[PDB]
file final-v9.pdb (PDB, C-alpha atoms)
ATOM      1  CA  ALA F 324       0.000   0.000   0.000  1.00  0.00           C
ATOM      2  CA  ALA F 325       2.111   2.869   1.345  1.00  0.00           C
ATOM      3  CA  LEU F 326       4.882   0.940   3.121  1.00  0.00           C
ATOM      4  CA  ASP F 327       6.020  -0.481  -0.220  1.00  0.00           C
ATOM      5  CA  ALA F 328       5.808   2.994  -1.771  1.00  0.00           C
ATOM      6  CA  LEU F 329       8.207   4.391   0.838  1.00  0.00           C
ATOM      7  CA  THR F 330      10.503   1.365   0.584  1.00  0.00           C
ATOM      8  CA  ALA F 331      10.629   1.973  -3.171  1.00  0.00           C
ATOM      9  CA  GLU F 332      11.721   5.586  -2.658  1.00  0.00           C
ATOM     10  CA  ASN F 333      14.323   4.503  -0.092  1.00  0.00           C
ATOM     11  CA  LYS F 334      15.801   2.093  -2.629  1.00  0.00           C
ATOM     12  CA  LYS F 335      15.448   4.787  -5.304  1.00  0.00           C
ATOM     13  CA  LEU F 336      17.646   7.068  -3.203  1.00  0.00           C
ATOM     14  CA  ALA F 337      20.056   4.182  -2.648  1.00  0.00           C
ATOM     15  CA  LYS F 338      20.317   3.553  -6.406  1.00  0.00           C
ATOM     16  CA  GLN F 339      20.825   7.241  -7.171  1.00  0.00           C
ATOM     17  CA  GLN F 340      23.594   7.347  -4.558  1.00  0.00           C
ATOM     18  CA  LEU F 341      25.181   4.147  -5.905  1.00  0.00           C
ATOM     19  CA  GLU F 342      25.264   5.578  -9.434  1.00  0.00           C
ATOM     20  CA  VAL F 343      26.879   8.794  -8.175  1.00  0.00           C
ATOM     21  CA  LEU F 344      29.519   6.778  -6.295  1.00  0.00           C
ATOM     22  CA  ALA F 345      30.174   4.535  -9.308  1.00  0.00           C
ATOM     23  CA  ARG F 346      30.526   7.650 -11.468  1.00  0.00           C
ATOM     24  CA  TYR F 347      32.967   9.117  -8.943  1.00  0.00           C
ATOM     25  CA  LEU F 348      35.065   5.937  -8.922  1.00  0.00           C
ATOM     26  CA  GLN F 349      34.945   5.532 -12.729  1.00  0.00           C
ATOM     27  CA  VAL F 350      33.383   2.110 -12.151  1.00  0.00           C
ATOM     28  CA  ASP F 351      31.742   0.442 -15.137  1.00  0.00           C
ATOM     29  CA  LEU F 352      28.765  -1.084 -13.350  1.00  0.00           C
ATOM     30  CA  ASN F 353      27.790  -3.082 -16.462  1.00  0.00           C
ATOM     31  CA  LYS F 354      31.199  -4.192 -17.768  1.00  0.00           C
ATOM     32  CA  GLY F 355      30.537  -7.723 -16.552  1.00  0.00           C
ATOM     33  CA  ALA F 357      27.126  -7.746 -18.225  1.00  0.00           C
ATOM     34  CA  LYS F 358      28.440  -6.313 -21.505  1.00  0.00           C
ATOM     35  CA  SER F 359      31.292  -8.830 -21.574  1.00  0.00           C
ATOM     36  CA  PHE F 360      28.842 -11.643 -20.790  1.00  0.00           C
ATOM     37  CA  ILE F 361      26.650 -10.533 -23.705  1.00  0.00           C
ATOM     38  CA  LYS F 362      29.602 -10.273 -26.103  1.00  0.00           C
ATOM     39  CA  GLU F 363      31.037 -13.671 -25.124  1.00  0.00           C
ATOM     40  CA  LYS F 364      27.623 -15.351 -25.113  1.00  0.00           C
ATOM     41  CA  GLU F 365      27.137 -14.344 -28.758  1.00  0.00           C
ATOM     42  CA  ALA F 366      30.590 -15.729 -29.577  1.00  0.00           C
ATOM     43  CA  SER F 367      29.359 -18.999 -28.082  1.00  0.00           C
ATOM     44  CA  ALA F 368      26.427 -18.689 -30.495  1.00  0.00           C
ATOM     45  CA  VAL F 369      28.840 -18.316 -33.428  1.00  0.00           C
ATOM     46  CA  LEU F 370      30.864 -21.362 -32.426  1.00  0.00           C
ATOM     47  CA  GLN F 371      27.623 -23.287 -31.860  1.00  0.00           C
ATOM     48  CA  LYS F 372      26.480 -22.314 -35.361  1.00  0.00           C
ATOM     49  CA  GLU F 373      29.692 -23.652 -36.872  1.00  0.00           C
ATOM     50  CA  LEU F 374      29.560 -26.689 -34.560  1.00  0.00           C
ATOM     51  CA  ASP F 375      26.019 -27.707 -35.530  1.00  0.00           C
ATOM     52  CA  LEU F 376      27.006 -27.548 -39.199  1.00  0.00           C
ATOM     53  CA  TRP F 377      29.335 -30.486 -38.552  1.00  0.00           C
ATOM     54  CA  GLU F 378      26.631 -32.471 -36.744  1.00  0.00           C
ATOM     55  CA  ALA F 379      23.995 -31.725 -39.387  1.00  0.00           C
ATOM     56  CA  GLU F 380      26.411 -32.636 -42.183  1.00  0.00           C
ATOM     57  CA  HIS F 381      27.772 -35.801 -40.557  1.00  0.00           C
ATOM     58  CA  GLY F 382      25.336 -37.009 -37.898  1.00  0.00           C
ATOM     59  CA  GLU F 383      25.315 -38.064 -34.275  1.00  0.00           C
ATOM     60  CA  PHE F 384      26.985 -41.463 -34.705  1.00  0.00           C
ATOM     61  CA  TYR F 385      29.839 -40.078 -36.811  1.00  0.00           C
ATOM     62  CA  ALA F 386      30.310 -37.231 -34.329  1.00  0.00           C
ATOM     63  CA  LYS F 387      30.476 -39.549 -31.317  1.00  0.00           C
TER
ATOM     64  CA  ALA I 775      38.427 -53.354 -38.106  1.00  0.00           C
ATOM     65  CA  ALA I 776      34.845 -52.891 -39.227  1.00  0.00           C
ATOM     66  CA  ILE I 777      31.485 -51.627 -38.022  1.00  0.00           C
ATOM     67  CA  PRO I 778      28.486 -53.957 -38.131  1.00  0.00           C
ATOM     68  CA  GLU I 779      26.040 -51.962 -40.250  1.00  0.00           C
ATOM     69  CA  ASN I 780      22.880 -53.602 -41.532  1.00  0.00           C
ATOM     70  CA  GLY I 781      19.588 -52.471 -42.999  1.00  0.00           C
ATOM     71  CA  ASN I 782      21.296 -49.453 -44.582  1.00  0.00           C
ATOM     72  CA  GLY I 783      20.286 -49.304 -48.228  1.00  0.00           C
ATOM     73  CA  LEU I 784      21.102 -46.737 -50.866  1.00  0.00           C
ATOM     74  CA  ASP I 785      18.272 -44.520 -49.605  1.00  0.00           C
ATOM     75  CA  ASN I 786      19.447 -44.748 -45.969  1.00  0.00           C
ATOM     76  CA  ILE I 787      23.189 -44.111 -46.147  1.00  0.00           C
ATOM     77  CA  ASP I 788      23.465 -42.525 -42.710  1.00  0.00           C
ATOM     78  CA  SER I 789      26.036 -41.379 -40.167  1.00  0.00           C
ATOM     79  CA  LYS I 790      26.856 -44.957 -39.187  1.00  0.00           C
ATOM     80  CA  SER I 791      27.505 -45.839 -42.847  1.00  0.00           C
ATOM     81  CA  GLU I 792      29.732 -42.786 -43.356  1.00  0.00           C
ATOM     82  CA  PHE I 793      31.659 -43.544 -40.154  1.00  0.00           C
ATOM     83  CA  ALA I 794      32.010 -47.231 -41.079  1.00  0.00           C
ATOM     84  CA  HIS I 795      33.341 -46.252 -44.494  1.00  0.00           C
ATOM     85  CA  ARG I 796      35.766 -43.922 -42.712  1.00  0.00           C
ATOM     86  CA  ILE I 797      37.007 -46.764 -40.488  1.00  0.00           C
ATOM     87  CA  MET I 798      37.120 -49.388 -43.222  1.00  0.00           C
ATOM     88  CA  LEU I 799      38.426 -47.328 -46.151  1.00  0.00           C
ATOM     89  CA  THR I 800      39.718 -43.802 -45.629  1.00  0.00           C
ATOM     90  CA  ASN I 801      41.615 -44.339 -42.370  1.00  0.00           C
ATOM     91  CA  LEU I 802      42.528 -47.894 -43.313  1.00  0.00           C
ATOM     92  CA  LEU I 803      44.518 -46.357 -46.156  1.00  0.00           C
ATOM     93  CA  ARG I 804      45.812 -43.820 -43.635  1.00  0.00           C
ATOM     94  CA  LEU I 805      47.358 -46.523 -41.448  1.00  0.00           C
ATOM     95  CA  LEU I 806      49.116 -47.876 -44.528  1.00  0.00           C
ATOM     96  CA  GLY I 807      50.176 -44.379 -45.580  1.00  0.00           C
ATOM     97  CA  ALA I 808      51.444 -43.599 -42.078  1.00  0.00           C
ATOM     98  CA  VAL I 809      53.412 -46.839 -41.851  1.00  0.00           C
ATOM     99  CA  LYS I 810      54.849 -45.942 -45.264  1.00  0.00           C
ATOM    100  CA  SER I 811      55.838 -42.523 -43.898  1.00  0.00           C
ATOM    101  CA  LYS I 812      57.419 -43.902 -40.704  1.00  0.00           C
ATOM    102  CA  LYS I 813      59.588 -46.339 -42.667  1.00  0.00           C
ATOM    103  CA  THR I 814      63.040 -45.252 -43.807  1.00  0.00           C
ATOM    104  CA  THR I 815      64.336 -48.443 -45.466  1.00  0.00           C
ATOM    105  CA  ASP I 816      63.169 -50.179 -48.634  1.00  0.00           C
ATOM    106  CA  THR I 817      64.518 -53.527 -47.369  1.00  0.00           C
ATOM    107  CA  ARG I 818      61.868 -54.250 -44.697  1.00  0.00           C
ATOM    108  CA  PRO I 819      58.368 -54.114 -46.232  1.00  0.00           C
ATOM    109  CA  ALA I 820      55.092 -54.389 -44.353  1.00  0.00           C
ATOM    110  CA  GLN I 821      52.766 -56.993 -45.825  1.00  0.00           C
ATOM    111  CA  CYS I 822      49.301 -55.484 -45.526  1.00  0.00           C
ATOM    112  CA  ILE I 823      46.625 -58.192 -45.347  1.00  0.00           C
ATOM    113  CA  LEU I 824      43.448 -56.601 -46.704  1.00  0.00           C
ATOM    114  CA  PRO I 825      40.080 -58.160 -45.723  1.00  0.00           C
ATOM    115  CA  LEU I 826      38.581 -58.224 -49.190  1.00  0.00           C
ATOM    116  CA  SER I 827      35.080 -59.548 -49.778  1.00  0.00           C
ATOM    117  CA  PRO I 828      33.850 -61.629 -52.737  1.00  0.00           C
ATOM    118  CA  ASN I 829      30.370 -60.050 -52.567  1.00  0.00           C
ATOM    119  CA  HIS I 830      30.547 -56.474 -53.861  1.00  0.00           C
ATOM    120  CA  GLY I 831      26.932 -55.433 -53.438  1.00  0.00           C
ATOM    121  CA  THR I 832      25.517 -58.841 -54.372  1.00  0.00           C
ATOM    122  CA  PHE I 833      23.871 -59.106 -50.954  1.00  0.00           C
ATOM    123  CA  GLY I 834      21.260 -56.712 -49.660  1.00  0.00           C
ATOM    124  CA  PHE I 835      21.371 -53.762 -47.290  1.00  0.00           C
ATOM    125  CA  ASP I 836      24.833 -53.413 -45.767  1.00  0.00           C
ATOM    126  CA  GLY I 837      25.517 -49.679 -46.065  1.00  0.00           C
ATOM    127  CA  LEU I 838      28.862 -48.721 -47.608  1.00  0.00           C
ATOM    128  CA  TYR I 839      30.469 -52.080 -46.771  1.00  0.00           C
ATOM    129  CA  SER I 840      30.788 -53.139 -50.410  1.00  0.00           C
ATOM    130  CA  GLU I 841      32.008 -49.639 -51.281  1.00  0.00           C
ATOM    131  CA  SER I 842      34.593 -49.879 -48.496  1.00  0.00           C
ATOM    132  CA  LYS I 843      35.805 -53.310 -49.605  1.00  0.00           C
ATOM    133  CA  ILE I 844      35.945 -52.835 -53.379  1.00  0.00           C
ATOM    134  CA  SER I 845      38.044 -49.674 -52.918  1.00  0.00           C
ATOM    135  CA  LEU I 846      40.768 -51.730 -51.230  1.00  0.00           C
ATOM    136  CA  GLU I 847      41.367 -53.593 -54.501  1.00  0.00           C
ATOM    137  CA  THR I 848      42.811 -50.362 -55.920  1.00  0.00           C
ATOM    138  CA  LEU I 849      46.009 -50.905 -53.876  1.00  0.00           C
ATOM    139  CA  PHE I 850      46.867 -53.851 -56.138  1.00  0.00           C
ATOM    140  CA  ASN I 851      47.615 -51.542 -59.066  1.00  0.00           C
ATOM    141  CA  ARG I 852      48.419 -48.521 -56.891  1.00  0.00           C
ATOM    142  CA  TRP I 853      51.299 -50.696 -55.694  1.00  0.00           C
ATOM    143  CA  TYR I 854      52.807 -50.301 -59.171  1.00  0.00           C
ATOM    144  CA  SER I 855      51.584 -46.763 -59.804  1.00  0.00           C
ATOM    145  CA  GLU I 856      52.964 -45.142 -56.627  1.00  0.00           C
ATOM    146  CA  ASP I 857      56.171 -45.013 -54.591  1.00  0.00           C
ATOM    147  CA  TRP I 858      55.385 -47.493 -51.793  1.00  0.00           C
ATOM    148  CA  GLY I 859      55.848 -50.764 -53.675  1.00  0.00           C
ATOM    149  CA  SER I 860      59.031 -51.702 -51.818  1.00  0.00           C
ATOM    150  CA  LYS I 861      57.582 -50.069 -48.705  1.00  0.00           C
ATOM    151  CA  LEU I 862      54.225 -51.867 -48.385  1.00  0.00           C
ATOM    152  CA  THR I 863      53.307 -55.159 -50.042  1.00  0.00           C
ATOM    153  CA  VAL I 864      49.620 -55.836 -50.624  1.00  0.00           C
ATOM    154  CA  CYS I 865      48.237 -59.321 -49.927  1.00  0.00           C
ATOM    155  CA  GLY I 866      44.463 -59.148 -50.234  1.00  0.00           C
ATOM    156  CA  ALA I 867      42.654 -62.043 -48.587  1.00  0.00           C
ATOM    157  CA  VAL I 868      39.155 -62.583 -49.949  1.00  0.00           C
ATOM    158  CA  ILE I 869      37.374 -63.917 -46.868  1.00  0.00           C
ATOM    159  CA  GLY I 870      34.486 -66.229 -47.706  1.00  0.00           C
TER
END

call {"tool": "encode", "arguments": {"input": "final-v9.pdb", "output": "structure tokens"}}
result
Amino acid sequence: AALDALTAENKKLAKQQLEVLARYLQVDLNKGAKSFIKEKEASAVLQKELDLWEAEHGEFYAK
Amino acid sequence: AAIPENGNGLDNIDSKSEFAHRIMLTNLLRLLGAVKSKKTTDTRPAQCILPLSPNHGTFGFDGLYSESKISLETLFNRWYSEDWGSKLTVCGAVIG
């Protein structure tokens, strides 16, 4: 009702303070996430070239 | 070395048939080619005993077995045509 509304503004203040501190410290707060996204799509590329082999040859030949 | 493949016709040449052909033909020739490469003397040949078959497709659905076995008979004239005659000697046994 209203307790959650005030908790939300408390955490809003906490987030706005955390972003100011991360800006002060030159901290990339999403570098881990961006790297995870860029290396997860590389896994997609190697999976695309890997499934070509299994589609072209089959499960028995692959094993 | 061979794979038991059965029920594989011309319309169902599958991964097991391709892999069996790889074992029985294309890497069988690679053992012979590797033994040729690891030899340095023409005085000590290796007598390769090839498991030839007398039934080249005359039976039914065996996959690429007949294709694997009839392609080993090429080493009889490839013995003369290539440079491993004194290096490997072919003795094809036609197992009945």

call {"tool": "interface_residues", "arguments": {"input": "final-v9.pdb", "of": "chain F", "to": "chain I", "cutoff": "12 Å", "atoms": "all atoms listed in the file", "output": "PDB file with C-alpha atoms, keeping the file's coordinate frame"}}
result
ATOM      1  CA  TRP F 377      29.335 -30.486 -38.552  1.00  0.00           C
ATOM      2  CA  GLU F 378      26.631 -32.471 -36.744  1.00  0.00           C
ATOM      3  CA  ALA F 379      23.995 -31.725 -39.387  1.00  0.00           C
ATOM      4  CA  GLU F 380      26.411 -32.636 -42.183  1.00  0.00           C
ATOM      5  CA  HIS F 381      27.772 -35.801 -40.557  1.00  0.00           C
ATOM      6  CA  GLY F 382      25.336 -37.009 -37.898  1.00  0.00           C
ATOM      7  CA  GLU F 383      25.315 -38.064 -34.275  1.00  0.00           C
ATOM      8  CA  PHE F 384      26.985 -41.463 -34.705  1.00  0.00           C
ATOM      9  CA  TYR F 385      29.839 -40.078 -36.811  1.00  0.00           C
ATOM     10  CA  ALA F 386      30.310 -37.231 -34.329  1.00  0.00           C
ATOM     11  CA  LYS F 387      30.476 -39.549 -31.317  1.00  0.00           C
TER      12      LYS F 387
END

call {"tool": "resolve_selection", "arguments": {"input": "final-v9.pdb", "expression": "the PyMOL selection byres ((chain I and resi 816) around 10)", "output": "list in words"}}
result
residues 810, 813, 814, 815, 817, 818, 819, 858, 859, 860, 861 and 862 of chain I

call {"tool": "residues_around", "arguments": {"input": "final-v9.pdb", "residues": "residue I:865", "least_positions_apart": "6", "cutoff": "8 Å", "atoms": "all atoms listed in the file", "output": "PyMOL selection string"}}
result
chain I and resi 821-824

call {"tool": "residues_around", "arguments": {"input": "final-v9.pdb", "residues": "residue I:802", "least_positions_apart": "6", "cutoff": "10 Å", "atoms": "all atoms listed in the file", "output": "VMD selection string"}}
result
chain I and resid 775 795 to 796 808 824 842 846

call {"tool": "axis_aligned_box", "arguments": {"input": "final-v9.pdb", "around": "stretch 779-791 of chain I", "padding_each_side": "8 Å", "output": "AutoDock Vina command-line options"}}
result
--center_x 22.9 --center_y -47.5 --center_z -45.0 --size_x 25.2 --size_y 28.2 --size_z 27.7

call {"tool": "atom_distance", "arguments": {"input": "final-v9.pdb", "atom1": "atom CA of residue I:853", "atom2": "atom CA of residue I:801"}}
result
17.7 Å

call {"tool": "closest_residue", "arguments": {"input": "final-v9.pdb", "among": "I:848, I:839, I:857, I:826", "to": "residue I:778", "atoms": "all atoms listed in the file"}}
result
I:839

call {"tool": "atom_distance", "arguments": {"input": "final-v9.pdb", "atom1": "atom CA of residue I:820", "atom2": "atom CA of residue I:870"}}
result
24.0 Å

call {"tool": "residues_around", "arguments": {"input": "final-v9.pdb", "residues": "residue I:825", "least_positions_apart": "3", "cutoff": "8 Å", "atoms": "all atoms listed in the file", "output": "NGL selection string"}}
result
:I and (843 or 866-869)

call {"tool": "atom_distance", "arguments": {"input": "final-v9.pdb", "atom1": "atom CA of residue F:362", "atom2": "atom CA of residue F:376"}}
result
21.8 Å

call {"tool": "closest_residue", "arguments": {"input": "final-v9.pdb", "among": "I:834, I:777, I:844, I:829", "to": "residue I:797", "atoms": "only C-alpha atoms"}}
result
I:777

call {"tool": "decode", "arguments": {"input": "final-v9.pdb", "residues": "stretch 338-353 of chain F", "atoms": "C-alpha atoms", "output": "JSON list (two decimals), in the first residue's frame"}}
result
[["chain", "number", "residue", "atom", "x", "y", "z"],
["F", 338, "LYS", "CA", 20.32, 3.55, -6.41],
["F", 339, "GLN", "CA", 20.83, 7.24, -7.17],
["F", 340, "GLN", "CA", 23.59, 7.35, -4.56],
["F", 341, "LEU", "CA", 25.18, 4.15, -5.91],
["F", 342, "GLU", "CA", 25.26, 5.58, -9.43],
["F", 343, "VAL", "CA", 26.88, 8.79, -8.17],
["F", 344, "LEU", "CA", 29.52, 6.78, -6.30],
["F", 345, "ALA", "CA", 30.17, 4.54, -9.31],
["F", 346, "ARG", "CA", 30.53, 7.65, -11.47],
["F", 347, "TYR", "CA", 32.97, 9.12, -8.94],
["F", 348, "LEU", "CA", 35.06, 5.94, -8.92],
["F", 349, "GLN", "CA", 34.95, 5.53, -12.73],
["F", 350, "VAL", "CA", 33.38, 2.11, -12.15],
["F", 351, "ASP", "CA", 31.74, 0.44, -15.14],
["F", 352, "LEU", "CA", 28.76, -1.08, -13.35],
["F", 353, "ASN", "CA", 27.79, -3.08, -16.46]]
